[PDB]
């Protein structure tokens, strides 16, 4: 039986957070065709590590930046490597997932994506997508607490997938996000979240600004050196969580958001993530942006979007921002906690993007061969500028004002005209990775 949920159709003139120029005629038709092909044909996971399908992200971000049909076609073709046949659905597995104990038991296995997708499309057909999201992420059941930890997995890819689904109110894409969240392999971050939150709610831990928690991670040798360069995509699971889970959980417990603090906590987390990207440069080297710090920035727009959902309690919004800010510390550790300095972004001189404004940089991004991360980071940075409107740099807000566009320029300048593997440095704290980077 075909479900109306399985049909992804964007209609009306909503073109995304941080949108500037409207896409020219033809773009929406192209977007709907490609989003549906990707939905129907392709799995969420194309390899065991760092194998998230970015197709939907690249399409929606290029549309939000005002890309034409041909720019969307480029985005789709550039993500050919992310596109592999979707796994066969086992319909008796899908029936059995109604049982919360079987639902939980089958989580954290990549090969279950297509079974969770059918399950969530059926549930969303029966209830709204809103009711299903509350049931499976925010209802405090054993299932939903596991799902909430899973949401941040793999440097925030489930969060990003559900984010887009919620942003465009696309039921089928919300199903993609929930199924991604359920199936994502575990980095042993759930006990990090549980231990950090317990300490945070105990009354034994005084809050501290996030900027100081980045510093504690760097200054704490056991934590800074927990990850190893050659652990690659499993640095969090085998390093930070393997060796220092309790230690970094105690640091993370110090990130505590007051009941009126949701907006400021989004700016604080986003500003620190942006500081990460801009601030981890080396003397005598061209600017490069850390691949992981870039995921910390791209995911920030989805905290802003979830924050404006009327069906979601303020306390759940705050909880999302707390957990994201705490895992930002883990990703900072996994890059070997590089020294950050406000000087690099302040002093940065744009090259390829010299003299561009947002509209010209958006345009330049729509035509740039890329897997979608460029469009995603520049859109997050435009949105951050609006979120943090009238907030200036302070001891606790390291990036603000003209900083947001400067980082977008740096991300464009340091990735344009390069093959994918050369675009982003894979852990700015590891000295050896800077020997493969150009000297000024």
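Numbering follows the first chain given and starts at 1.
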property: 429-437 versus 4-12 - which carries the larger mean C-alpha B factor in the record; result: 4-12
property: Which of 13-21 and 412-420 has higher mean CA B factor, as the PDB entry lists it; result: 13-21
property: Criterion, highest CA B-factor; candidates, 330, 229, 84, 126; result: 126
property: Maximum C-alpha temperature factor, selected from 257, 190, 75, 159; result: 257
property: Position of residue 397 among the chain's modelled residues by C-alpha B-factor, lowest, middle or highest third; result: highest
property: Residue 407 CA temperature factor, ranked by third within the chain; result: lowest
property: Position of residue 116 among the chain's modelled residues by C-alpha B-factor, lowest, middle or highest third; result: middle
property: Chain thirds of CA B-factor: placement of residue 79; result: lowest
property: Residue 50 - which third its CA temperature factor falls in, relative to the rest of the chain; result: middle
